Amino acid sequence: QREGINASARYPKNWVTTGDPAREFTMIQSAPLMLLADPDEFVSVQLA
Amino acid sequence: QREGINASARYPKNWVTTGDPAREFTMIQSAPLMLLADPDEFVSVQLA
Amino acid sequence: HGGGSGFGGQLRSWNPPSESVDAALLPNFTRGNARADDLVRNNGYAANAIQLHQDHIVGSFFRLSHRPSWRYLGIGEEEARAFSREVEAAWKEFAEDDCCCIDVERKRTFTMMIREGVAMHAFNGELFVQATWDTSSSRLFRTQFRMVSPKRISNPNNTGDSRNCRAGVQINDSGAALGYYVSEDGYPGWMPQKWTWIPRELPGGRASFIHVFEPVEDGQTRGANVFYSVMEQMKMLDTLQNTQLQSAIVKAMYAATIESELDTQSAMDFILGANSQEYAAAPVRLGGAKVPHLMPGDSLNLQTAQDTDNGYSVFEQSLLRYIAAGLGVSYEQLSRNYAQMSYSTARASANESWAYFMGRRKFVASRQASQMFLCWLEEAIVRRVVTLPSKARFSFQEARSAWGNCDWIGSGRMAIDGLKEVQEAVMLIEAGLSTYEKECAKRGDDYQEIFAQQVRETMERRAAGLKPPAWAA
Amino acid sequence: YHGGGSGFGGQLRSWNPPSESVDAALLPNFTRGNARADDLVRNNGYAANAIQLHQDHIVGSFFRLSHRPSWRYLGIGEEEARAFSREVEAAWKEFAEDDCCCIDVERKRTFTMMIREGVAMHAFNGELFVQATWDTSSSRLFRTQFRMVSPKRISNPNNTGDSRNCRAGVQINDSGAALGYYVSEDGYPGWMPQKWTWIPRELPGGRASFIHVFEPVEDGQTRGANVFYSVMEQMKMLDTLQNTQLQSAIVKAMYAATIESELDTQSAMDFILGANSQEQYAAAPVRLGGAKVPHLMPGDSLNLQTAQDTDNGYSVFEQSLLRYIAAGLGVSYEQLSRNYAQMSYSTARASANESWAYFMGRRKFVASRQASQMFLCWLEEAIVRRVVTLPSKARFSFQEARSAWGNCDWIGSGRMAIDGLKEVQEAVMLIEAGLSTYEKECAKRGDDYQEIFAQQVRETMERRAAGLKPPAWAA
Amino acid sequence: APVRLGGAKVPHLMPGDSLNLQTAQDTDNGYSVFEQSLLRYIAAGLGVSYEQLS
Amino acid sequence: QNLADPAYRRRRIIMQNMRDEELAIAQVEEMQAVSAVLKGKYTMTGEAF
Amino acid sequence: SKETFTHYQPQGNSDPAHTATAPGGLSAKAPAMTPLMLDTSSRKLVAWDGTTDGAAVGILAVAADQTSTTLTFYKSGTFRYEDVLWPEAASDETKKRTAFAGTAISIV
């Protein structure tokens, strides 16, 4: 949000951890909301 | 070892023994160790 | 067989990886430029090197000569010359503008632009210039140039490098870059860091952005500064000079040693004069010889110290020669050292240095100048300040290279003594081997305005009625 | 003989080189050799100096074409031949040196830049590879494109061994003539499986799809050796020695003096050097004032080490080693090491003469050939696109008369003068005696006689129009 | 024992045992000048000049 | 027989990690998609959420 | 002949770890990642028995023995459940999970 990339498909970030244990953490950020407006168009049948 | 070619498929050599029964010998040395990367890639079945 | 294992092992471990220069450079690309900037900012030798580089590649002046391919374009020679002189007049009245309006920052001229660009390409490997169209109506031209340091261009948000998005450079599959992700100014270090993507080329055929560097092999995307082979020795030499100066300081500081069982105050009083009768122990009045009378059991040992420069001059000679080889510059001009060298040797040194500088000039400054000149020329043409020839067989977009064909002249080779070179040029002209524009260029002038000025001078001399000069009839 | 047998009193009894071909002498460790040379040139100042000297003297700054088609062989009128040569020269001038950088698929270099890069990588690898691409984008007038390929890119597909025709990514015929290459796609970052693509050396239509140039030393050689491969370890050891000696000088200069005081460290420092006076470990920083002679009691002594002369023969040893390195590199030691002392004019002239002779040999044997191949491909595209007029009564067509049509040479940066007056006298005397011609003179001066004559006549016309002065060529 | 000519191969000589490197003596202790004088004498005796004789 | 430095090892780790994370997010996207056009009643649930 | 290359990842969360040095009174060879409590009697550092509740005060950082007069142990951070050794006397998994409640030491 600092640099205005709020509405993004992906957001990768990587930061190093200070202190005595040295390490850096890799992270990718996302928030999917896959939808479909008209569900009635599809007909799902469970066969047997 | 002294020829420095110790890495290939089939090594030929014909040589003569000394002395009165001087006889020739022909030789094809090899160290073949063929292999496959994924054993589970190929599927075998014993038909019956 | 030398590259296999070496004599008795030796290099039994030196097996550096075999990979592309981009692969070997990009991970530490930032670190190299950081160290190069550190050296160039806080090292005398580096500052001297960059100043010499700019002053010899460009110097004080950097002028244009517009030579369009009239033969290829099917244009009359006289019309081509008329167009060339008109565009030269417009370019000269535009470039030397005092307001530095060619720069959006409005603080540098065209020669300053070229020099700064070549210098930052030298200590970074590459140069970046963008062209912008402002809405200001105060000037006939709306195109201005803006410099970008390689630090400003990098992977946005320090994102992981990919096949095509390398260090903020978006490249097509073939291997030609097309987009850049520049970053705004880093100062002060509390505002959010922002990124802006710019295409290298505008869809209309105008170079919106230009990035100039010389690659070393295929697949290269960023240049390598000239310090990449020298920087470690440079900093080590700096540390050596620092510690040697410290050692000389302390050796000179400590000169005498007093030994006595007596209390220190009384010892100083009875030996080194002192003024205890009237922290820092006691100040000593610097006066006459003051021969003391130390009692048995005392010592006045004067430390002979040690020679300050034990081979350091020769060491600086050798290391500076190595640095000069690494930098491609002559040790003489590098270190201001010119001792025990003859006229022929000095001339040879200046010759090789000048050859290297001319090559570098052509391959960096000439290319950048041509690019920016055609970028200005397209705006001038679309602004109709100059009228194209009617007989133009090809459009400006088609013959952009043909229309914009030009060369450049920088500071000339001011040779060792002047007289011999000028007389040899004169006899070259007499023999008909060289030509007037060639030698006046090598001197830094252009035969056209030279002839115009000589015509003016002889007209003035005729008007004043004193003497016709060495051009008449 | 006797020298090559065993050795004087044995000596080299264990020196038994394996007599065999350079191909098996180089291929087993070829990749490592190239990597070592690349690292050395990248991180060593002297190696960068050597390659820069190559880049600035073998090719120099410019290159001007001179197309001299064999009109005698072709049975064509000289005037038609020279008119066609002028036309093709103008086309090449407007094509190769465009400011677009359109020819290179990477779009960052020029023709001279390509030649310089090629000669440099040929120097530090032994080979040079270029590819000619006839891209279908017809927006530009000439649809050909070039892209040099580093020897590292070309390799055996899937990193296998070597067959009797496929060797190190090069597929050859029975006679050893190369037929094709297996180019590996750039694998940055070094994770993806670098795909291998088969590229024929020539196109079925006679077009040189892939141009490879190197200097074989014996029969059957397919991959040249970098010139560095002679003295790489020697110069690497020189680098190690100079770094080690610099560290040695650092430590020698570090510890100037020592103190023999027996009491506590802090009290000893205060009473023998001073310092102290802190505000209200890191030992104790000492202010630098003047003299500050201390006082001592028995058991205390301030002994300042005399250290040691840092340069006990190091500089001259380096000079000798650089003599050897320059001998290996084929470049003059004076030029390489930038030490021009005690050098007389005559001996400097001799060294420069031999060095420049070597440089011109390398130019003619590498850059001339590469440029000739590229120009031949461009001429093929030009003729098939009929952008220029081939002679009407040509005995042979272009496809079979490529060499006859492609007879051309190049002039790079000439041998820059050493005195000025001496070589201008040389030129004047040669031209006035008739032993030389303006073509050779302008070539050695880095010029073209036709352009010089045109410039002279146009300048004469300008001066006559201005009424200033006739130049030294009139009537 | 033949000894391979390799690198530095610095040893670890125990106490009691030592290694010494002889500094030797100059190969020409004025021998060239003595040759100069004697060849001068020989050339004078022969009548041939010294510079061409030697 | 041909090793690499820890810096390049860490580069390899970071690259494989990035590709794994991308694969995981694509996988969860496709899981949501198949829930959506398989029932039209899609339950977005999980621990710590 | 089949070896495995385990991804040695003792850590379990992005939270930082921190180390403190305290006198060592361990009665046996204790490997690293060993929970340990403060002695009730002598206020010494002894290995956690796994029976006392919440008495554990830290996680051993470096393996040591009886002769080690002092030792370094983790004071903060989160660690995976499996890769930290537990005393045998500890049986209930929930107790193991909640052993370090109220501290900067957490497990996952």
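Residues numbered from 1 in each chain as written, not as in the entry; some residues may be left out. Chains lettered and ligands numbered in written order. Part of a larger assembly, values for the part shown. Heavy atoms only, no water. Residues with missing side-chain atoms left out of burial classes, pairs and counts.

Deposited coordinates in this entry are attributed by the record to cryo-EM, at a stated resolution of 4.07 Å.

1. Some points on the state of the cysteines
Our working definition: Disulfide: a pair of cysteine sulfur atoms within 2.5 Å of each other. For every residue, the accessible area (1.4 Å probe, protein chains only) is compared with the maximum for its type, and the residue is labelled buried under 20%, exposed over 50%, or partly exposed between those bounds.
Counted according to the given criterion, the structure contains 2 disulfides over all chains. Note that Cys-99 of chain C is cross-linked by a disulfide to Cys-101 of chain C, the S-S spacing being 2.0 Å. The sign of the S-S torsion, about -125°, decides the handedness of the disulfide formed by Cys-99 of chain C and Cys-101 of chain C: left-handed. You can call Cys-101 of chain C buried: its relative accessible area is 7%. Between the sulfur atoms of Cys-100 of chain D and its disulfide mate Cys-102 of chain D the distance is 2.0 Å. When the S-S torsion is 90°, as for the bridge of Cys-100 of chain D with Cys-102 of chain D, the disulfide is right-handed. Residue classification places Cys-100 of chain D among the partly exposed positions, given a relative accessible area of 23%. For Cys-102 of chain D, a relative accessible area of 26% translates into the label partly exposed.

2. Overview of the pairing of strand β2 (residues 35-38) of chain G
Residues and elements named next belong to chain G. Defined as follows: Here, a strand pair is defined by DSSP locating no fewer than two bridges between the strands. Here a helix means four or more residues in a row that DSSP labels H or I, a strand means two or more in a row labelled E, and each is numbered from the N terminus.
With 3 bridges connecting them, β2 and strand β4 (residues 56-60) associate as antiparallel partners. Opposite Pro-35, over in β4, you have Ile-59 as the bridge partner. As judged from the 3 bridges shared by β2 and strand β3 (residues 45-47), these two strands associate in the antiparallel manner. Looking across to β3, one finds that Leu-38 is bridged to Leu-45. Taken together, β2 and the strand that follows it, β3, pair antiparallel across an intervening segment of 6 residues, in which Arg-43 is found at a positive phi of about 55°.

3. Considerations on a positive patch on the surface
Formally: Patches draw on residues past 30% relative accessible area with no salt bridge. Two like charges within 9 Å are joined, as are two nonpolar side chains (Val, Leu, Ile, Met, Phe, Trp, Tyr) within 5 Å. Per-residue accessibility takes into account occlusion by the displayed protein chains alone, with areas from the Shrake-Rupley method and a 1.4 Å probe. Note on definitions: salt bridges are taken to be side-chain nitrogens of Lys or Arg within 4 Å of carboxyl oxygens of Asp or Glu. The positive count covers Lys and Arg only, the negative count covers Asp and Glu only, and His and the chain ends enter neither. A single reference atom marks each charge: NZ on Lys, CZ on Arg, CG on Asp, CD on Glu.
A cluster of basic side chains, namely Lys-362, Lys-438, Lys-442 and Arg-443 of chain C together with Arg-64, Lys-93 and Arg-445 of chain D, defines a positive patch on the protein surface. Residue position: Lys-438 of chain C is located in helix α14 (residues 436-442).

4. Notes on the interface of chain D and chain C
As a reminder of what qualifies: We call two residues contacting when some pair of their heavy atoms lies within 4.5 Å. The term buried area denotes the loss of accessible surface (1.4 Å probe radius) that occurs when two parts are joined, taken as the sum for both partners. Nitrogen and oxygen atoms within 3.5 Å of one another constitute a polar contact, given that in protein one can donate a hydrogen and the other can accept it, and given that sequence-neighbouring residues count only through two side-chain atoms.
Taken together, the contact between chain D and chain C spans 128 residues of the former and 129 residues of the latter. Both faces considered, chain D and chain C share a buried interface measuring about 11100 Å² in area, 57% of it formed by carbon and sulfur atoms. It is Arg-36, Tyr-188 and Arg-338 of chain D that lose the most area in chain D upon contact with chain C, and together they represent 8% of the buried surface on that side. Remark: the boundary between chain D and chain C carries 2 salt bridges. Across the pair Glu-185 of chain D and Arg-163 of chain C runs a salt bridge whose closest N-O atoms are separated by 3.5 Å. Seen at the junction of chain D and chain C, the total is 45 residue pairs in polar contact. Here the side of chain D that touches chain C gets 12 residues from one element, more than from any other, and that element is helix α7 (residues 232-254) of chain D.

5. Some points on the packing of helix α9 (residues 312-327) of chain C against helix α9 (residues 314-329) of chain D
Where we set the bar: Fitted lines through C-alpha atoms serve as axes, helices being fitted only where they are in contact, and the angles separating the N-to-C directions of these axes extend from 0 to 180 degrees. Convention used here: angles under 35 degrees read as roughly parallel, angles over 145 as roughly antiparallel, angles from 65 to 115 as roughly perpendicular, and any remaining angle as oblique.
At a closest axis distance of 9 Å, the pairing of α9 of chain C and α9 of chain D adopts a crossing angle of 30°. Accordingly, the angle class assigned to the pair α9 of chain C and α9 of chain D is roughly parallel. Counted together, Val-314, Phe-315, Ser-318 and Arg-321 of chain C of α9 of chain C and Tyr-314, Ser-315 and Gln-319 of chain D of α9 of chain D form the full contact between these two elements.

6. Overview of the pattern of salt bridges
This model, assessed by the stated rule, comprises 29 salt bridges over all chains. The closest approach of N and O atoms between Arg-108 of chain C and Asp-103 of chain C, which form a salt bridge, is 2.3 Å. Of the charged contacts, one joins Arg-116 of chain D and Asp-56 of chain D as a salt bridge, the two residues approaching to 2.4 Å between their closest N and O atoms. Placement of the pair is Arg-116 of chain D in helix α6 (residues 111-125) and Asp-56 of chain D in helix α3 (residues 45-59), with a sequence separation of 60 residues.

7. Looking at the packing of α7 of chain D against α9 of chain D
Residues and elements named next belong to chain D. Spelled out, the test is: Crossing chirality is assigned from the near helix's rotation relative to the far helix, an anticlockwise turn below a right angle marking it left-handed and a clockwise turn marking it right-handed. Residues are grouped as follows: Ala, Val, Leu, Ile, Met, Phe, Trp, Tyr, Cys and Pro are nonpolar; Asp, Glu, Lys and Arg are charged; every other residue, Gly included, is polar.
Direction vectors running N to C along α7 and α9 enclose 165°, while the axes themselves pass 10 Å from each other. In terms of orientation, α7 lies roughly antiparallel with respect to α9. Handedness of the α7/α9 crossing: left-handed. Of the residues in α9, those touching α7 at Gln-234, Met-235, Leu-238, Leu-241, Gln-242 and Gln-245 are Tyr-314, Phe-317, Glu-318, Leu-321, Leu-322, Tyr-324 and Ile-325. When its residues are assigned to classes, the contact of α7 with α9 shows 9 nonpolar, 3 polar and 1 charged.

8. Side note on unusual backbone geometry
Between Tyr-187 of chain C and the following residue, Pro-188 of chain C, the backbone shows a cis peptide bond with an omega angle of -5°. Checked against the element boundaries, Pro-188 of chain C lands in the loop between β6 (177-183) and β7 (195-199). The backbone phi angle of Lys-290 of chain C is positive, close to 60°, even though this residue is not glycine. Judged by relative accessible area, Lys-290 of chain C falls into the partly exposed class, the value being 45%. The backbone of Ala-291 of chain D sits at a positive phi, close to 60°, despite the residue not being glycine. As for its placement among the helices and strands, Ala-291 of chain D is situated in the loop between α8 (265-272) and β10 (295-296).

9. A closer look at a negative patch on the surface
Residues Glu-93, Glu-96, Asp-97 and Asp-98 of chain C make up a contiguous surface patch of negative charge. Positionally, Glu-96 of chain C belongs in the loop between α5 (77-95) and α6 (110-124).

10. Digging into the nonpolar core
As a reminder, the rule being used: By convention a nonpolar core is built from buried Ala, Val, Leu, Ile, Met, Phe, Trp, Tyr and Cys residues, the set being connected through side-chain atoms within 4.5 Å.
In this structure, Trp-91, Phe-110 and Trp-376 of chain C are the most contacted members of the largest nonpolar core, which totals 77 residues. With 13 residues, helix α11 (residues 343-383) of chain C is the largest single contributor of residues to this core. Setting aside residues up to four positions removed in sequence, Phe-110 of chain C forms contacts with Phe-62, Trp-91, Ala-95, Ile-102, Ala-369 and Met-372 of chain C. Counting residues in hydrophobic clusters, the runner-up holds 67 residues, among them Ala-47, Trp-92, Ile-103 and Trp-410 of chain D.

11. Some points on the sheet that holds strand β7 (residues 196-200) of chain D
Residues and elements named next belong to chain D. Strands sit in the order β4-β5-β6-β7 across an open sheet of 4 strands; the sheet is antiparallel. Taken across any chain shown, the strands that pair with only one partner, and hence form the sheet edges, are β4 (166-167) and β7. Note: strand β5 (residues 170-172) against strand β6 (residues 178-184), 3 bridges, orientation antiparallel. If you follow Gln-171 over to β6, its bridge partner there is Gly-180.

12. Remarks on the sheet that holds strand β8 (residues 209-212) of chain C
All names here are of chain C. Spatially, 3 strands are ordered β3-β2-β8 in an open sheet, and the strand pairing comes out antiparallel. Looking along the sheet, the strands with just one partner apiece sit at the ends: β3 (143-148) and β8. Each neighbouring strand pair of the sheet contributes to a mean axis angle of 20°, computed without reference to strand direction. Here 4 bridges tie strand β2 (residues 127-133) to β8, and the two strands are oriented antiparallel to one another. Looking across to β8, one finds that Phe-128 is bridged to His-211.

13. Remarks on the packing of aromatic side chains
Stated precisely, the cut-off is as follows: Only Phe, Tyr and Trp rings take part, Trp by its six-membered ring, and two of them pair if their centres are within 6.5 Å. Stacked means planes under 30 degrees apart, edge-to-face means over 60, and tilted covers everything else. Two thresholds decide whether a charge sits over a ring: the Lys NZ or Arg CZ must be within 6 Å of the ring centre and within 35 degrees of the ring normal.
Enumeration over the complete set of coordinates arrives at 47 aromatic pairs over all chains. Arranged with centres 5.1 Å apart and planes meeting at 85°, the rings of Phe-94 of chain C and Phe-141 of chain C form a pair that is edge-to-face. One end of the pair, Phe-94 of chain C, is in helix α5; the other, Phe-141 of chain C, is in the loop between β2 and β3, with 47 residues separating them in the sequence. What makes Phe-94 of chain C buried here is its relative accessible area of 10%. Note on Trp-92 of chain D and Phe-375 of chain D: the rings are 5.5 Å apart at their centroids and 80° apart in plane angle, and the pair reads as edge-to-face. Here the aromatic residues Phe-62, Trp-91, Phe-94, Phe-110, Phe-141, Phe-373, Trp-376 and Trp-408 of chain C are joined through ring pairs into a cluster of three or more. Between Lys-13 of chain B and the ring centre of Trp-15 of chain B, over which it is positioned, the NZ or CZ distance is 4.6 Å. In this structure, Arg-393 of chain C is placed above the aromatic ring of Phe-394 of chain C, and the distance from its NZ or CZ to the ring centre is 4.8 Å.

14. Description of helix α15 (residues 449-466) of chain D
Residues and elements named next belong to chain D. Put simply, the rule reads: To estimate how far a helix should extend, the number of its residues minus one is multiplied by 1.5 Å. Each direction from the helix axis to a C-beta atom contributes to the arc, which is the arc of those directions.
A rise of 1.5 Å per residue sets the reference length of α15, with its 18 residues, at 26 Å; its end C-alpha atoms lie 25 Å apart and thus fit the reference within 8%. Those residues of α15 lying buried are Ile-452, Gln-455, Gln-456, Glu-459, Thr-460, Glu-462 and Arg-463. Summarising the axial view, the buried residues of α15 lie within an arc of 165°, below the 170-degree limit, and thus occupy one face. Exposed and oriented more than 90 degrees from the buried face of α15 are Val-457, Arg-464 and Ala-465. Near the N-terminus of α15, the side chain that reaches the backbone nitrogen of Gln-450, with its oxygen 3.3 Å away, is that of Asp-448.

15. Brief notes about a nonpolar patch on the surface
Residues and elements named next belong to chain E. A cluster of nonpolar side chains, contributed by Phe-34, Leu-38, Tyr-41, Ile-42, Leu-46, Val-48 and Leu-53, occupies part of the molecular surface with about 710 Å² of accessible area. The element best represented in the nonpolar patch is helix α1 (residues 31-46), accounting for 5 residues. Looking at where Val-48 falls in the secondary structure, it is placed in the loop between α1 and α2 (50-53). Residue classification places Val-48 among the partly exposed residues on the basis of a relative accessible area of 38%.

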